[PDB]
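Q: Experimental coordinates for this protein are included below, preceded by the sequence.
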Amino acid sequence: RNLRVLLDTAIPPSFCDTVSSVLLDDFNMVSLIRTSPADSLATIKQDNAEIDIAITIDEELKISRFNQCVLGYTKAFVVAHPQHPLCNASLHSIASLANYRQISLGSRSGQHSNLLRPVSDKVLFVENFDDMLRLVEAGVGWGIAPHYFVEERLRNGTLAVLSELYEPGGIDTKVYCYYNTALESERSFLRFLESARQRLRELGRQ
Ligand SMILES: CC(C)Oc1ccc(-c2ncc(CNc3ccnc(C(F)(F)F)c3)s2)cc1Cl
C-alpha cells in the first residue's frame with residue numbers, strides 16, 4: 001500500500017483530485033505522476049518506474065502484469081482556429097479533416113494506439129497540449145483536445161469546435177484504471193474503486 005499512481009493530461013483536474021482524495025483515504029502513501037496519454041501506457045510498462053495504478057484513456061488489453069477496469073468518462077473536442085477552412089464549412093466529416101493538417105500528441109517514435117493514432121496523412125506531432133493549442137490557435141492545423149484545456153478558449157471565441165456533429169457535447173472517451181494484478185486482493189483498492197467511481201459519477205452529471 002505504498003502507492004505510485006499515474007494520470008494523463010486528458011483527466012480533468014477535478015477528476016484527478018477526486019481520485020487522490022479517495023486514494024489517500026484508503027492507502028496512506030500516495031505518489032502522483034502525470035503524463036500525456038501517448039506516453040502513459042509505455043510508462044507503466046517500463047518496470048523501472050514501479051507504477052501500481054494508472055488512470056488513462058489509451059487502451060491495450062495485452063498489458064502484462066496489469067488488470068483493467070473502467071473508472072468513468074471524460075470528454076474531448078476537435079478544435080481549430082475560428083477562421084480555419086473547415087470551420088467555415090458547416091459539414092465536417094472524418095474524411096473532410098483527412099485533407100487538412102492535424103496537430104497531434106505523441107511521437108512518431110512509438111506504437112501509435114488507435115486512440116492516439118493520427119487520422120490524417122498531413123500531421124505535426126507535439127509533446128503536450130499547450131503546444132498543440134498554441135499551434136492550433138495560430139491556424140497551423142486542427143487537433144483533438146480535452147474539455148478542461150479548451151473550454152474557456154471556446155466560450156471566448158479564441159477557438160472553435162468541429163465535433164458538434166459526430167458527438168454533440170464532446171467525444172465521450174472512457175477513462176481506464178489499470179490495477180497491478182497484486183492489488184486485486186487488497187480490500188483498500190476495491191474500496192477505492194467503489195468510492196471513487198461514485199464520486200466521479202456525481203461530479204459528472206453536474
Ligand atoms: C470531427 C469528426 C467528424 O471526426 C472525428 C471523430 C472522432 C475522432 C476521435 N479521435 C479520437 C477519439 C478517442 N478520444 C481521444 C483521442 C485522442 N485524444 C483525446 C484527448 F484526450 F486528447 F482529447 C481523446 S474520437 C476524431 C475525429 Cl477527427
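A: That came through, no problem. Numbers count the residues shown, from 1 in each chain.
Q: ok, which stretches of the chain are strands?
A: For the chain, the strands defined by DSSP state E occupy 2-8, 29-35, 53-56, 66-74, 76-80, 102-105, 123-126, 142-146, 160-161, 173-180.
Q: Any chance of those strands in CSV with mean neighbour count and distance to residue 203 as columns?
A: Heads up, the C-betas are built off the backbone N, CA and C, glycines and all. Below are the strands of the chain laid out as CSV (neighbours: other CB atoms under 10 Å; distance: least, CB to CB, whole Å):
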stretch, mean neighbour count, distance to residue 203
strand 2-8, 20, 15
strand 29-35, 15, 18
strand 53-56, 24, 14
strand 66-74, 16, 9
strand 76-80, 24, 17
strand 102-105, 24, 25
strand 123-126, 16, 29
strand 142-146, 24, 15
strand 160-161, 20, 22
strand 173-180, 20, 12
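Q: can I get the ones you listed in TSV with distance to the ligand?
A: TSV is the format used below for these (distance: least, CB to the nearest ligand atom, whole Å):
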stretch	distance to the ligand
strand 2-8	7
strand 29-35	12
strand 53-56	9
strand 66-74	7
strand 76-80	3
strand 102-105	6
strand 123-126	11
strand 142-146	4
strand 160-161	9
strand 173-180	4
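Q: Show me what from this protein comes close to the ligand.
A: 10, 57, 76, 78, 92-94, 97, 115-116, 119, 144-146, 162-163, 166, 171, 173 (CB under 6 Å from any ligand atom).
Q: Now with 5 Å, please.
A: Proximity of the chain to the ligand, by CB under 5 Å from any ligand atom, involves residues 10, 76, 78, 94, 97, 119, 144, 146, 162-163, 166, 171, 173.
Q: Closest to residue 205 out of those?
A: The closest of the residues of the chain next to the ligand to residue 205 turns out to be residue 173 (CB to CB; 17.3 Å).
Q: Please report phi then psi for residue 92.
A: phi -100, psi 140 (degrees, to the nearest 10).
Q: From residue 117, how far off is it?
A: Using CB to CB, to the nearest Å, we find residue 92 at a distance of 19 Å from residue 117.
Q: Looking at those two, which is more packed in?
A: Per other CB atoms under 10 Å, whichever of residue 92 and residue 117 has more neighbours is residue 92, with 19 against 11.
Q: for that one, what are its contacts?
A: 78, 86, 162-163, 165-166 (CB atoms under 8 Å, 6 or more residues apart in numbering).
Q: Same check on residue 148?
A: Contacts of residue 148 (CB under 8 Å, 6+ apart): 12-14.
Q: Could you export the residues you listed to TSV, including columns for distance to residue 36 and neighbour count?
A: As requested, the contacts of residue 148 are arranged in TSV below (distance: CB to CB, whole Å; neighbours: other CB atoms under 10 Å):
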residue	distance to residue 36	neighbour count
12	15	20
13	15	9
14	19	14
